[PDB]
Amino acid sequence: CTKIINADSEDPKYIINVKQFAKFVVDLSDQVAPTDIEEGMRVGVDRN
Amino acid sequence: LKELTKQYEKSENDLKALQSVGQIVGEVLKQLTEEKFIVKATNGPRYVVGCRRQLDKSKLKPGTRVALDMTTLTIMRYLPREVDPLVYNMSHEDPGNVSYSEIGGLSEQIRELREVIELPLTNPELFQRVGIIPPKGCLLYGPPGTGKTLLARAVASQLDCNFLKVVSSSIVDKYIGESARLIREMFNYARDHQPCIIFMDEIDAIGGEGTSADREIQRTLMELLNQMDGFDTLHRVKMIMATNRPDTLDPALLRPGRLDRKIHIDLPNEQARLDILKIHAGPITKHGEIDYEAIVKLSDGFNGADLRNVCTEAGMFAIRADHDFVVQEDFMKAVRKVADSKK
Amino acid sequence: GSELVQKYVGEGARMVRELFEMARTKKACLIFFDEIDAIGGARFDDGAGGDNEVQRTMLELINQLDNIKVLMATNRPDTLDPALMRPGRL
Amino acid sequence: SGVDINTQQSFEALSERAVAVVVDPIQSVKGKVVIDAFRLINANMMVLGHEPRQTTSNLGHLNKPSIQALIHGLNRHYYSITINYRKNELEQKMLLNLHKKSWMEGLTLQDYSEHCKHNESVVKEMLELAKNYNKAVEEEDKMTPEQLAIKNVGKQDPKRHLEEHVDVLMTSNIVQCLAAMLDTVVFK
Amino acid sequence: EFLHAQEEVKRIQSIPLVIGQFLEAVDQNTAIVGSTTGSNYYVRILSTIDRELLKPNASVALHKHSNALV
Amino acid sequence: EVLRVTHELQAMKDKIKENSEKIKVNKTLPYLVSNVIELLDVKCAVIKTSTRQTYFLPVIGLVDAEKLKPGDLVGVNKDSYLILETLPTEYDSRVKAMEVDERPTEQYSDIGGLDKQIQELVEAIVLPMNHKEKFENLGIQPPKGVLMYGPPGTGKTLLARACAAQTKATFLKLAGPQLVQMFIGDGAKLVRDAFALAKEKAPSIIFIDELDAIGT
Amino acid sequence: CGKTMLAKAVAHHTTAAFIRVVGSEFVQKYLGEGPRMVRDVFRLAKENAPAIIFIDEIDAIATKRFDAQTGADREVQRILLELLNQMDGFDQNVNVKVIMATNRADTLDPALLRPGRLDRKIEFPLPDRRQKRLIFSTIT
Ligand SMILES: Nc1ncnc2c1ncn2[C@@H]1O[C@H](COP(=O)(O)OP(=O)(O)OP(=O)(O)O)[C@@H](O)[C@H]1O
Ligand SMILES: Nc1ncnc2c1ncn2[C@@H]1O[C@H](COP(=O)(O)OP(=O)(O)O)[C@@H](O)[C@H]1O
Ligand SMILES: Nc1ncnc2c1ncn2[C@@H]1O[C@H](COP(=O)(O)OP(=O)(O)O)[C@@H](O)[C@H]1O
Ligand SMILES: [Mg+2]
Ligand SMILES: [Mg+2]
Ligand SMILES: [Zn+2]
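Protein chains in written order, with the numbering used here: chain B, 6 to 53; chain X, 164 to 506; chain A, 6 to 95; chain D, 356 to 543; chain Y, 3 to 72; chain U, 177 to 392; chain R, 218 to 357.
Rendered as structure tokens:
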């Protein structure tokens, strides 16, 4: 997660780097909590 | 209602846009038949691609950028050539809107350079009426810093043509073949972007024996003379190739269609110092009267750049002070420090 | 030293970066660059090739260098970059 | 896909014959139309035979389970259904108007200048092909001539670039002459 | 039916088409041409295509989907 | 008649609502972070996606025209490759990490012998940055930059921090060996964001150490 | 004395595929690029036959061979040997004529002056009182 947008502090719209694939603006799945994902840390995203 | 009307029309345009889809930008490289092309994507494979019916066949020449559909793989519309400051050569540098009056005291030399270069590029009708191939190339020789480069930029500014400045001593690289390769790339570059002022710096490195490194200078010299006068396209670009030592220059490098007209630009002339100080110190705010003759006599053997440093450093003295240039003692100490500290 | 020169571009700089980061995470870490000449040759312009890749890895290493102590050994110290041999890194 | 699998499952909840078909617009770029219907097979029916069909003979007809679709799951999670298109008269006849020409077509005389140019070009290519035919026939080499006729097959001189070209030029010439005579008869 | 078959045979040369370099020939009606996409594919060859223009550098055109020398 | 206007207002309100719901349900996530290279006229932009593939757009999409500028980093659909929403820059976080304000205070008492060079830098910067009114009045254009060339160990980095110390400024250090990233279009974005940040802040100096990393 | 201009005239008057290369163009760095360029030039003449190769100022890369003691002279001697091999070697090129212009004619390698590689060694002397009249008449 290279950046956090924090559009309204409720739908942050995180930006994620998938290394070789591309850079995307994505959101969390309902399973994980908003506060667990801090800027720069490695995150795991689904293929879809 | 009216504001809602405007934003709703914009929203309907957005809704129509959502259905619209993108096209891969591609470049045409060949034309097999009147419905066949070889288009290469920017980063992608090459596809055999057709053209849309509402599109002119002729316009899609080899090198014409296109945006084909990414499902049917068919050209839909042409695009003009891509523009970006990705150029690796000096063409994108602007010589600067400097007039011929900015360089002072070279009126004769200025006139000869105009006659040599400006005439074939502005009014070739005289040269074709006489029946002579227009001259190309002028050789400016003189003490370093005298203003040959400024003269080249002034010509490139008045003619409103692209200008290439190159340090000739830099182009001779230790590795073999790159010295001539740089001249080759320079000339083929000038072919695409025309007209071109090919201003080359001190040529004594390139122009003017039993070792490989010495035969390298011979090879790059032959490449240069072939590029200026010879095969392929005789072209219309001009060269302002300037040197510091004219005797070193190869005699073959001095020919009419091969960089003739040895213009001598000696150190700023006795009356030229006054004009140079007028042009380079006038912009500087100075209400006090000037004893220019005293400065000129105190600046003997000075070069054109030295006067500009005198003006800038006098401004600096003012900066370290009130702010206004009022006294000649400043010009005196500026001249002295541009005399002893610039040695 | 061999690992710090990878086929893919930028991987050596990343390698040295995470090496230094792991060294910082540990308390009282020692780094010993045996045969520095592999990744410490004198700098020269060779852009049309992969030489500048290990060159940029060396530059990133110099950036990292200038509680951490660093060791380097070489039998030909005249081939090392003067910037790397200056007494701010060594 | 698995998402498609769930989507078909949800459709089957309302009715247990809710078919799902797929249409690929890119592979179906010509006369071939890649469109396969699918219905979910229940995962609880593994005790009995998948594709639970009965007395019939049309399982292998009209298709063979494709490799491109078998690996993504066929006869395991979902099974294909034979595709058949209901096309009847008063519908095909309207469709044939896509490329139907008209009464004007068939009477046009083409263009005589380019007709003569094409005829001359075909005649010249026939002259070169006849030189090749003369060489090949007069060669008549008899070291296993049956094997000679099979060691020189590359779609060449003997017959393929022979009368087939005569076929096209003769068809064009007779059609043009017949049309010209018909116009001289009908039009004054 | 024969003119029909010739027509669909010509249709396979429709103009979505990638280009690849004819690396090597294996035997009749097949090849190993590598596409410009970045991969080398073991392909099939049209009968209509004459084999003597299949020099082992030719930039032959391949079908977009089936990826066959067309 | 006011009830007629109210009815028209309510009808166009629900029309706005339905078009907004369509736009929202077509926005979704994710967006392909793409960098607009240029904008051709003949409402259509040439986008280069982060996937190292360029895609021409016949229409710009769910954005307004003059807001988009050449070089804007936006988010586009992964399939249709159409601009959905402009992505704010905020100068990342690494760029804001280089405005270091714990300057170790290289006072000119801590640098010796480099006196005339200190005065030359203070003639090139500081007074151009601090006492600029006289500089405009004279017409002396102050050089926007200085290149510190010298043998290693001379103290170029020291004097840089020195004139960043006793002359205030923000000191946005942009050292060269940092400015090489294996991610495509990150170093260039780093430089452009650094200059944009320098524009944003008060009088400052952009400092790049070891320019050879990109200056070859 | 008209060496390059005659080749220009030939190029303007040829039904073949004129391929001009300069001697300095073969001296590229990245060893294996100059001889490879010679290989590409002769191959390009080969497919588009008949073709004519005009190599101007050959004295740069066709000086007499010697005992080279560095990669510098070794590479230029390699270019000369590649020229020798492609002009007359195991692969005889047909309908590929070569015009070669030099200003020395004596530094040239004897293998390159063989009457199997450079058959006609035409000399272009300084114009006499007769040729000067013709040159003046044509230019004026
Ligand atoms: N003139 C000087 N006065 C005081 N200390 C100096 C001077 N020149 C160098 N030093 C000291 O020597 C060291 C040189 O490091 P510094 O990075 O400042 O120099 P540099 O020439 O810019 O280095 P490099 O070119 O290797 O990046 C520092 O520790 C610095 O304090
Ligand atoms: N004769 C002159 N008149 C006015 N300015 C000059 C003159 N000669 C030099 N200069 C100043 O010196 C600067 C650099 O001179 P330059 O063109 O590099 O000299 P040279 O071409 O001899 O090296 C220019 O920006 C110009 O303002
Ligand atoms: N017989 C001639 N008639 C007219 N011009 C000539 C003649 N011979 C040489 N020249 C001139 O000499 C110049 C040099 O050309 P050329 O002699 O062909 O090249 P090189 O000097 O490399 O042999 C040309 O510009 C040409 O105009
Ligand atoms: Mg430093
Ligand atoms: Mg010549
Ligand atoms: Zn699906």
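C-beta: ideal position from N, C-alpha, C; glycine also.
Own chain residues within Cβ distance below 7 Å of residue i, not counting five before or after
i         : result
X:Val-498 : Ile-458, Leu-461, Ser-462 and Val-473
X:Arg-424 : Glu-275, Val-279, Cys-301 and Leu-302
X:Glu-379 : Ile-339 and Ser-342
Contact belief for residue i with residue j at Cβ below 8 Å, rounded distance in angstroms
i         : j         : result
X:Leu-231 : X:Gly-300 : Wrong, their Cβ atoms sit about 45 Å apart, outside the cutoff.
Y:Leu-71  : Y:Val-35  : 6 Å
X:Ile-366 : X:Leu-412 : 6 Å
A:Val-10  : A:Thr-62  : 7 Å
U:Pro-234 : X:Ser-183 : 5 Å
U:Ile-384 : U:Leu-335 : About 14 Å; that fails the 8 Å criterion.
Y:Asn-69  : Y:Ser-37  : 7 Å
X:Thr-448 : U:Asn-306 : That pair is no contact at about 20 Å.
X:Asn-432 : X:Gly-308 : Rounded, the Cβ-Cβ distance is 15 Å, inconsistent with contact.
6 Å CB neighbourhood of residue i in its chain, flanking five on each side removed
i                      : result
X:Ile-273              : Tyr-263
D:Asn-397              : none
residue 158 of chain R : Residue 158 of chain R is absent from the model: chain R starts at 218 and stops at 357.
A:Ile-41               : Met-77 and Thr-79
D:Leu-417              : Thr-437
Below-8 Å beta-carbon distance, residue i vs any chain D residue
i        : result
Y:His-65 : no
Y:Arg-53 : yes
Contacting residues, own chain, Cβ-Cβ under 8 Å from residue i (five flanking each side not counted)
i         : result
R:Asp-290 : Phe-283
U:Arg-368 : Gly-247
R:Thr-231 : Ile-269
X:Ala-415 : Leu-388 and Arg-421
Below-8 Å beta-carbon distance, residue i vs any chain X residue
i         : result
U:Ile-199 : yes
U:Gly-315 : yes
Residue-level contact to chain B via CB, residue i, 8 Å cutoff
i         : result
U:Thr-262 : no
U:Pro-328 : no
Chain R within 8 Å of residue i, Cβ atoms only
i         : result
X:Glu-348 : no
X:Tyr-338 : yes
C-beta neighbour in chain A for residue i, strict 8 Å
i         : result
U:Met-358 : yes
U:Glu-386 : yes
Residue i burial status per 10 Å Cβ neighbour count (16 or more: buried)
i         : result
D:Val-358 : exposed
B:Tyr-19  : buried
X:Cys-324 : buried
D:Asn-452 : exposed
X:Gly-213 : buried
U:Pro-206 : buried
Y:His-6   : exposed
R:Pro-252 : buried
Beta carbon proximity, residue i to chain U, threshold 8 Å
i         : result
B:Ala-27  : yes
A:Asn-72  : no
B:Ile-20  : yes
X:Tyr-171 : yes
X:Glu-175 : yes
A:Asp-42  : no
Short CB-CB distance (under 8 Å) between residue i and chain Y
i         : result
X:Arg-209 : yes
If you measure from each residue's Cβ to the nearest non-hydrogen atom of ligand 6, which ones come out under 6 Å, in chain order? D:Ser-356 and D:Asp-359
Closer than 5 Å: residues whose CB approaches a heavy atom of ligand 2: X:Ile-266, X:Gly-267, X:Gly-308, X:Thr-309, X:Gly-310, X:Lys-311, X:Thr-312, X:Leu-313, X:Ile-439, X:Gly-467, X:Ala-468 and X:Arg-471
Please list, following the chain, all residues that have a C-beta closer than 7 Å to any non-hydrogen atom of ligand 4. Those residues, listed in chain order, are U:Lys-332, U:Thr-333, U:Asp-385 and U:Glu-386.
Determine which residues of the segment 510 to 522 of chain D have a Cβ less than 8 Å from any Cβ of chain C, and write them out in chain order. Within the model displayed, chain C is absent; protein chains B, X, A, D, Y, U and R are what it includes.
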